[PDB]
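Engineer: Take a look at this one; I'll ask things after.
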Amino acid sequence: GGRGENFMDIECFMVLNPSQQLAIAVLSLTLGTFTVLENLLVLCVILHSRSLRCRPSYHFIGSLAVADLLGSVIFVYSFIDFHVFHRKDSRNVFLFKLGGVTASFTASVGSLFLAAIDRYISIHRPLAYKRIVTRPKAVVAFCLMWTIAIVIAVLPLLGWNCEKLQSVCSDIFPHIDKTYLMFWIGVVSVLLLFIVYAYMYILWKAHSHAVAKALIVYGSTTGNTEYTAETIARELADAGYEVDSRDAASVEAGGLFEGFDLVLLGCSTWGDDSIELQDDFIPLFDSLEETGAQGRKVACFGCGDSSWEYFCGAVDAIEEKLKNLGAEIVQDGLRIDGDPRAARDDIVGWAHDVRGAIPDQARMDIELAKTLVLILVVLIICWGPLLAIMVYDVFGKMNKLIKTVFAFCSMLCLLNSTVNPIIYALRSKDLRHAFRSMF
Ligand SMILES: Cc1cc2nc3c(=O)[nH]c(=O)nc-3n(C[C@H](O)[C@H](O)[C@H](O)COP(=O)(O)O)c2cc1C
């Protein structure tokens, strides 16, 4: 060529111009540069803090984030190198760009593979897991994995080709050998098929010991016990519980506590002359034996005022019935005098003591399993469609329609690298603190 065989030179069927050309250009460039910076931000907090670069779990995030960065950098580079300067790509300069993107996804799948192995060791060798998967072990596994990932990108650059082999070309990518894609597609397809199976088994094994779901049922008229429950809700949410907070007026007692292994009942006391539970709680209290409390871990809280004869008599009545039902009361009830906002240190302190009802390792294994499946599903949603396009290319021919959706499916591949740093921020509670360490 000619017009040039250039990276990001797609068929570009244009419904509207030049607003599309102008607006999509700025939009796509801004999206790309945002990714490079936000994945550069993830790379920073990890290398910056020692409490994380010694963890084997952050050798997994850092690997993903530098894979996301390798691709987002190639995106912005090739976008500004062609849509702004209109420069031409030779054979090697083209394959290097494409190989970089290919390497970014390879290492991403390779990282999810190593994570599955770590979880398999945690499942099969829970006792000695800490001494098996160590910082020097994790570095070697990831360094090896990247060299295997890089090698595949360079293989096309180096040997496999249309030009060098005079082989059948790919209808999507210039210079690319069709039989190389079969090898590439098959390798990642097998790995992903295993990772999908593994991540399901990992998550299933993580629920065999414990689920990490807390239930909070509160009865409140003024809102003091609602504020108390919402405060307890966020402390348990940070500590790795899937917290479900419900007003007593909206629940049915039958089988209420099923599926939860921590249940926190809160109720205010309204003894005008006697002792009475908050009215929305009474229906639950009267049918409490239907909830499934026997053997379950529970604890009570409630707002009251000491100038009444029976200070927080409601939590007394609930705890006594929970004892009579064979519930496992984890600790003594929280009794808040006066305004709960003026006693927040106790509410948070109590929630911290209740937190230990389920061991840290069980909750941590569940959020690790939950986090991995989210990374995986996002990766299948974004990169999946593009892979399906490449499958259409190798076996049979393309279609005019598949060449058009490819322009938008390839943009899905980019926003996978943008939401992964967002996923790390929402689930890795330690990364948030390391971030705030640098203000
Ligand atoms: C009519 C009335 C009766 C009350 N009786 C008691 C009581 O017997 N024992 C107690 O500890 N507090 C009693 N209180 C105080 C409430 O429990 C207190 O106002 C509580 O903070 C309100 O809870 P809530 O806003 O979450 O519904 C009573 C308050 C009122 C207005």
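Residue numbers (PDB author numbering): -2 to 0, 99 to 306, 1002 to 1148, 332 to 412.
Positions of the beta carbon are idealized from the N, C-alpha and C atoms, including for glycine.
Does any heavy atom of ligand 1 sit closer than 8 Å to the C-beta of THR1021?
Structural biologist: no
Engineer: Following the continuous beta strand (DSSP E) through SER1035, name the residue where it begins and the one where it ends.
Structural biologist: 1032 to 1037
Engineer: Report whether the distance from the Cβ of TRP1140 to the nearest heavy atom of ligand 1 is below 8 Å.
Structural biologist: no
Engineer: Are the beta-carbon atoms of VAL1105 and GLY1146 separated by less than 9 Å?
Structural biologist: Result no, Cβ atoms of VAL1105 and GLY1146 do not sit closer than 9 Å.
Engineer: Suppose the cutoff is 6 Å on Cβ atoms and the five residues either side in sequence are ignored; what does the same chain contact list for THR130 look like?
Structural biologist: If you ignore the 5 residues before and after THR130, its C-beta comes within less than 6 Å of the C-beta of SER167, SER390, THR391, all in its own chain and listed in chain order.
Engineer: What residue does the beta strand (DSSP E) around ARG1024 start on, and which one ends it?
Structural biologist: Boundaries around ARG1024 are those of the alpha helix (DSSP H), 1014 to 1028, since no beta strand (DSSP E) includes it.
Engineer: Within its chain, find whatever has a CB closer than 6 Å to the CB of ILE1022; leave out the 5 residues flanking it on each side and keep chain order.
Structural biologist: Non-local C-beta neighbours of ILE1022 in its own chain, meaning closer than 6 Å and more than five positions away in sequence, comprise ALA1141, ordered along the chain.
Engineer: For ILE119 and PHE381, what's the separation of their Cα atoms in angstroms?
Structural biologist: Looking at the two C-alpha atoms, the distance is approximately 12 Å.
Engineer: Taking the alpha-carbon of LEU253 as reference, which of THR1081, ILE1148, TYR275, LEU288 has the nearest alpha-carbon?
Structural biologist: The residue among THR1081, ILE1148, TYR275, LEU288 with its C-alpha nearest the C-alpha of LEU253 is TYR275.
Engineer: Taking Cβ to Cβ, would you say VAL1033 is nearer than 9 Å to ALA1004?
Structural biologist: A contact, by the Cβ cut-off of 9 Å.
Engineer: Distance, Cα to Cα, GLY127 vs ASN187?
Structural biologist: Rounded to the nearest whole angstrom, the CA to CA distance from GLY127 to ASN187 is 23 Å.
Engineer: Mind checking whether the beta-carbon of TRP241 lies closer than 8 Å to any heavy atom of ligand 1?
Structural biologist: no
Engineer: Whose CA, out of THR377, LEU399, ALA398, lies closest to the CA of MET109?
Structural biologist: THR377
Engineer: Which same chain residues end up closer than 6 Å to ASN1014 when comparing Cβ atoms and leaving out the 5 residues on each side of it in sequence?
Structural biologist: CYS1093, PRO1130
Engineer: Closer than 8 Å to a non-hydrogen atom of ligand 1 - does that hold for the CB of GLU1016?
Structural biologist: yes
Engineer: Tell me which residue opens and which closes the alpha helix (DSSP H) that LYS259 is part of.
Structural biologist: Careful: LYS259 lies outside any alpha helix (DSSP H) and carries neither H nor E.
Engineer: Is DSSP giving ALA1004 helix, strand or coil here?
Structural biologist: Under the three-state reduction of DSSP, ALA1004 is assigned to strand.
Engineer: Of the residues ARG182, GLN116, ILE247, which one's Cα is nearest the Cα of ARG0?
Structural biologist: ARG182
Engineer: Give me the residue from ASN134, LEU142, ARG214, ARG145 with the minimum Cα distance to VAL161.
Structural biologist: Of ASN134, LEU142, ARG214, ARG145, the residue nearest in Cα terms is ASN134.
Engineer: How is the beta strand (DSSP E) around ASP176 delimited, first residue to last?
Structural biologist: Element bounds for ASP176: not the beta strand (DSSP E) but the alpha helix (DSSP H), 153 to 177.
Engineer: Are there any heavy atoms of ligand 1 lying less than 8 Å away from the beta-carbon of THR1011, as far as the coordinates show?
Structural biologist: Yes, Cβ of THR1011 sits closer than 8 Å to a heavy atom of ligand 1.
Engineer: Assign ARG186 to one of three DSSP states: helix, strand, or coil.
Structural biologist: helix
Engineer: So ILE1148 and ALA305 are in contact, right, with Cβ under 8 Å, and what is the actual spacing, rounded?
Structural biologist: 5 Å
Engineer: Quick check: is any heavy atom of ligand 1 less than 8 Å from the C-beta of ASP1136?
Structural biologist: Incorrect: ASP1136 has no Cβ contact closer than 8 Å to ligand 1.
Engineer: Here's a check: name, in chain order, each residue in its chain whose Cβ is nearer than 8 Å to the Cβ of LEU359, leaving out the five neighbours to either side.
Structural biologist: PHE379, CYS382, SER383, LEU385, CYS386
Engineer: In or out: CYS149 buried (at least 16 other Cβ within 10 Å) or exposed?
Structural biologist: exposed
Engineer: By the three-class DSSP mapping on this structure, what secondary structure does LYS370 have?
Structural biologist: coil
Engineer: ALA233 by DSSP, collapsed to three states: which one?
Structural biologist: helix
Engineer: CB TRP255 to CB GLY205, shorter than 9 Å?
Structural biologist: no
Engineer: Could you give the DSSP three-state label for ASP403: helix, strand or coil?
Structural biologist: helix
Engineer: Only counting the same chain, and skipping five residues up and downstream in sequence, which positions put a Cβ closer than 8 Å to that of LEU147?
Structural biologist: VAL140, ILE141, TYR153, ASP403, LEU404, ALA407
Engineer: For the candidate residues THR1012, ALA236, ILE348, whose alpha-carbon lies nearest to that of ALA398?
Structural biologist: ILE348
Engineer: Who pairs with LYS1111 in a beta bridge, going by DSSP?
Structural biologist: Here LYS1111 is not bridged, per DSSP, to any residue.
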